[PDB]
Amino acid sequence: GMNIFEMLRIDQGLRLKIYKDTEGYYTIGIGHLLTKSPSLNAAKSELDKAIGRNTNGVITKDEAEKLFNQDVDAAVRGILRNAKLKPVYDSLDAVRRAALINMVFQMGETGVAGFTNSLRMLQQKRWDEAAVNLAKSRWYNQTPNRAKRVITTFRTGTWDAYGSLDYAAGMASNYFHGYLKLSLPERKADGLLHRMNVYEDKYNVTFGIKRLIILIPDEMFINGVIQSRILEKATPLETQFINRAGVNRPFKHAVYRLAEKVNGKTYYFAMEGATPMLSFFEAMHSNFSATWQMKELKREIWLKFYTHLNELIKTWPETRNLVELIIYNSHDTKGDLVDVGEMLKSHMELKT
């Protein structure tokens with residue numbers, strides 16, 4: 001069932017409606033650039049030329065797959081034209097070739113050609129050595145979860161890194177694809193930034209941070225909810241998602257008011273706990289005292305959820321600047337509970 005389209009769908013993401021890439025450029029599908037023109041009509045005309053119909057900026061999955069496979073064909077020709085990449089590419093099997101193409105999509109041909117030793121190890125079928133060598137790279141440090149899947153593909157020659165996610169990774173994936181990615185990105189008269197502006201103007205208020213703050217504490221909240229000495233709960237912010245079937249569903253994001261002024265101003269914050277992580281913490285509760293195994297497991301899933309979720313948010317241009325992920329110890333050095341209201345107040349004082 002797996003193939004290079006499904007691979008990049010997982011690693012880079014699939015969009016069936018025009019979106020803006022990291023440079024603001026109109027894009028569709030799996031990263032297929034349409035135009036550098038600022039005109040959405042110009043982008044729609046380039047799309048229509050490429051798909052062969054009036055799409056109005058929306059395409060199907062089969063259309064996106066066809067476009068993507070055209071982009072793979074072009075990447076492969078570039079690889080075969082590149083004296084540093086053709087020999088290793090020729091030597092690899094079809095699955096390992098997909099891994100190399102995956103790197104070329106992420107970092108470009110000249111970036112992949114910088115991995116001279118790793119590529120030689122691959123060409124010599126030294127899979128484990130190449131994998132260790134690749135793990136030491138800045139690529140791995142900046143996108144470790146994608147790099148690990150690609151490295152596993154080089155190491156094994158199988159698609160197995162693209163099968164079912166482990167529990168923490170799958171929790172992050174569902175939380176992003178099923179929730180954050182649907183609620184927050186810009187779209188006609190909706191998404192986080194627009195609805196925050198509507199909210200500010202309806203109540204005559206100002207958000208101190210124009211992002212959704214997501215709290216990933218150590219442990220479930222003391223009473224299972226955010227609490228602070230200096231935050232009061234406000235009316236929630238809403239976005240709307242009209243799915244393919246035409247059903248309008250809301251997303252509600254909690255809003256808090258900072259009860260202590262900061263240079264004369266009251267500030268509001270859209271902020272929530274990372275629900276699937278807190279549900280996991282709740283489920284891990286035992287009526288018996290926790291074992292060291294359970295404490296270790298809680299910490300591992302906490303950290304793995306964060307790294308997967310952080311990477312997804314930051315590598316989708318549409319969400320990168322819309323979320324403030326905060327992972328933190330529930331308690332400071334002196335064993336005192338952290339008050340997120342005071343955290344927010346300090347941050348606003350440093351900002352203003």
# chains A, B, ... in the order shown; residues from 1 in each chain; ligands from 1

call {"tool": "residues_around", "arguments": {"residues": "region 202-209 of chain A", "least_positions_apart": "5", "cutoff": "8 Å", "atoms": "only C-alpha atoms", "output": "ChimeraX atom specification"}}
result
/A:196,266-270,348

call {"tool": "closest_residue", "arguments": {"among": "A:5, A:176, A:328, A:19", "to": "residue 216 (chain A)", "atoms": "only C-alpha atoms"}}
result
A:328

call {"tool": "atom_distance", "arguments": {"atom1": "CA of residue 98 (chain A)", "atom2": "CA of residue 60 (chain A)"}}
result
23.4 Å

call {"tool": "closest_residue", "arguments": {"among": "A:84, A:308, A:146, A:188", "to": "residue 118 (chain A)", "atoms": "only C-alpha atoms"}}
result
A:84

call {"tool": "atom_distance", "arguments": {"atom1": "CA of residue 153 (chain A)", "atom2": "CA of residue 99 (chain A)"}}
result
6.2 Å

call {"tool": "closest_residue", "arguments": {"among": "A:82, A:310, A:69, A:123", "to": "residue 110 (chain A)", "atoms": "only C-alpha atoms"}}
result
A:82

call {"tool": "residues_around", "arguments": {"residues": "region 85-96 of chain A", "least_positions_apart": "5", "cutoff": "7 Å", "atoms": "only C-alpha atoms", "output": "list in words"}}
result
residues 79, 80, 113, 119, 122, 123, 153, 154, 157 and 158 of chain A

call {"tool": "residues_around", "arguments": {"residues": "residue 135 (chain A)", "least_positions_apart": "4", "cutoff": "8 Å", "atoms": "only C-alpha atoms", "output": "list in words"}}
result
residues 131, 140, 141, 147, 148 and 151 of chain A

call {"tool": "residues_around", "arguments": {"residues": "residue 161 (chain A)", "least_positions_apart": "2", "cutoff": "7 Å", "atoms": "only C-alpha atoms", "output": "JSON, numbers by chain"}}
result
{"A": [149, 152, 153, 159, 163]}

call {"tool": "write_last_selection", "arguments": {"atoms": "N, CA, C and O atoms", "output": "compact mmCIF listing (two decimals), in the first residue's frame"}}
result
# COMPACT_ATOMS: atom_id res chain seq x y z
N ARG A 149 12.48 8.71 9.97
CA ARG A 149 11.71 7.83 9.07
C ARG A 149 12.48 7.61 7.77
O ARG A 149 12.52 6.50 7.23
N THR A 152 15.44 5.32 8.53
CA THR A 152 14.98 3.93 8.65
C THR A 152 14.73 3.32 7.29
O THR A 152 14.89 2.10 7.08
N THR A 153 14.26 4.13 6.36
CA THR A 153 14.05 3.64 5.02
C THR A 153 15.38 3.27 4.36
O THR A 153 15.50 2.20 3.75
N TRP A 159 9.28 0.18 3.67
CA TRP A 159 8.43 1.32 4.02
C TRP A 159 7.99 1.32 5.46
O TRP A 159 7.07 2.06 5.81
N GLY A 163 4.41 3.06 8.49
CA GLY A 163 3.24 2.36 8.99
C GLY A 163 2.67 3.03 10.22
O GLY A 163 2.74 4.25 10.39
